[PDB]
Amino acid sequence: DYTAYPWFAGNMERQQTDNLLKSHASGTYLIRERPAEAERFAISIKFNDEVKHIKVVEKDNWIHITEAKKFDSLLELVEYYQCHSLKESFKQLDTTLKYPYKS
Amino acid sequence: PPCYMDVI
């Protein structure tokens, strides 16, 4: 249950998310649920005049945005990228998860 | 142009 976290947007879809973050500062982010899909979360982040979106995959016992860095929970994953730039897995996205969208 | 960031 992540509803307490200022970065958690619940079941928000892409259009709403884009419309919301496009007006925010680079580094503003949210995690949203994708109930229908095999990847049931996405991270969305404002970066250099665009809103970028990253699939969060659950496979076997773990959760990840890249199979090269696997976590035991969504919270651990989010807290990792709060302090470690996304660029270690996406060049062209050199920012941390810097500002939760509700902050 | 991909909808979600491509993982290299």
# chains A, B, ... in the order shown; residues from 1 in each chain; ligands from 1

call {"tool": "select_by_dssp", "arguments": {"residues": "chain A", "states": "strand (DSSP E)", "output": "PyMOL selection string"}}
result
chain A and resi 28-33+41-47+50-59+62-66+69-71+99-100

call {"tool": "closest_atom_pairs", "arguments": {"of": "chain A", "to": "chain B", "cutoff": "8 Å", "atoms": "only C-alpha atoms", "output": "Markdown table"}}
result
| residue | atom | partner | partner_atom | distance |
| --- | --- | --- | --- | --- |
| A:52 | CA | B:5 | CA | 7.0 |
| A:53 | CA | B:4 | CA | 5.0 |
| A:54 | CA | B:4 | CA | 5.2 |
| A:55 | CA | B:4 | CA | 6.5 |
| A:66 | CA | B:7 | CA | 6.6 |
| A:89 | CA | B:7 | CA | 6.9 |
| A:90 | CA | B:7 | CA | 6.6 |

call {"tool": "write_last_selection", "arguments": {"atoms": "C-alpha atoms", "output": "mmCIF file, in the first residue's frame"}}
result
data_model
loop_
_atom_site.group_PDB
_atom_site.id
_atom_site.type_symbol
_atom_site.label_atom_id
_atom_site.label_comp_id
_atom_site.auth_asym_id
_atom_site.auth_seq_id
_atom_site.Cartn_x
_atom_site.Cartn_y
_atom_site.Cartn_z
ATOM 1 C CA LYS A 52 9.467 10.227 -20.041
ATOM 2 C CA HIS A 53 7.923 6.927 -19.054
ATOM 3 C CA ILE A 54 9.580 3.748 -17.830
ATOM 4 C CA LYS A 55 7.996 0.311 -17.345
ATOM 5 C CA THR A 66 16.259 -3.026 -15.889
ATOM 6 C CA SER A 89 20.395 2.411 -17.096
ATOM 7 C CA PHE A 90 19.161 5.100 -19.555
#

call {"tool": "residues_around", "arguments": {"residues": "residue A:84", "least_positions_apart": "6", "cutoff": "12 Å", "atoms": "only C-alpha atoms", "output": "list in words"}}
result
residues 69, 77, 78, 90, 93, 94, 95, 96, 97 and 98 of chain A

call {"tool": "write_last_selection", "arguments": {"atoms": "C-alpha atoms", "output": "PDB file, in the first residue's frame"}}
result
ATOM      1  CA  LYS A  69      19.482  -4.040 -11.120  1.00  0.00           C
ATOM      2  CA  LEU A  77      13.483   0.379  -6.206  1.00  0.00           C
ATOM      3  CA  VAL A  78      12.052   3.879  -5.831  1.00  0.00           C
ATOM      4  CA  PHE A  90      19.161   5.100 -19.555  1.00  0.00           C
ATOM      5  CA  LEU A  93      17.947  10.382 -18.674  1.00  0.00           C
ATOM      6  CA  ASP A  94      20.492  11.794 -16.273  1.00  0.00           C
ATOM      7  CA  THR A  95      18.347  12.662 -13.288  1.00  0.00           C
ATOM      8  CA  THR A  96      17.388  11.088 -10.034  1.00  0.00           C
ATOM      9  CA  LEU A  97      13.802  10.735  -8.884  1.00  0.00           C
ATOM     10  CA  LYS A  98      14.187  14.176  -7.426  1.00  0.00           C
TER      11      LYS A  98
END

call {"tool": "atom_distance", "arguments": {"atom1": "atom CA of residue A:100", "atom2": "atom CA of residue A:39"}}
result
21.2 Å

call {"tool": "residues_around", "arguments": {"residues": "residue A:2", "least_positions_apart": "5", "cutoff": "12 Å", "atoms": "only C-alpha atoms", "output": "list in words"}}
result
residues 7, 8, 9, 10, 11, 30, 31, 32, 33, 41, 73, 74, 75 and 78 of chain A

call {"tool": "write_last_selection", "arguments": {"atoms": "C-alpha atoms", "output": "compact mmCIF listing (two decimals), in the first residue's frame"}}
result
# COMPACT_ATOMS: atom_id res chain seq x y z
CA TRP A 7 5.22 10.07 -5.42
CA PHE A 8 2.42 7.53 -5.68
CA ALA A 9 -0.33 8.45 -8.19
CA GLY A 10 -2.46 5.29 -8.08
CA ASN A 11 -4.30 4.35 -11.30
CA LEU A 30 5.42 9.78 -10.08
CA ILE A 31 4.77 6.05 -9.96
CA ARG A 32 1.48 4.98 -11.44
CA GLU A 33 -0.36 1.67 -11.65
CA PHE A 41 3.70 0.04 -12.66
CA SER A 73 10.10 -4.36 -3.54
CA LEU A 74 8.77 -1.29 -5.30
CA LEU A 75 9.77 0.88 -2.29
CA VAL A 78 12.05 3.88 -5.83
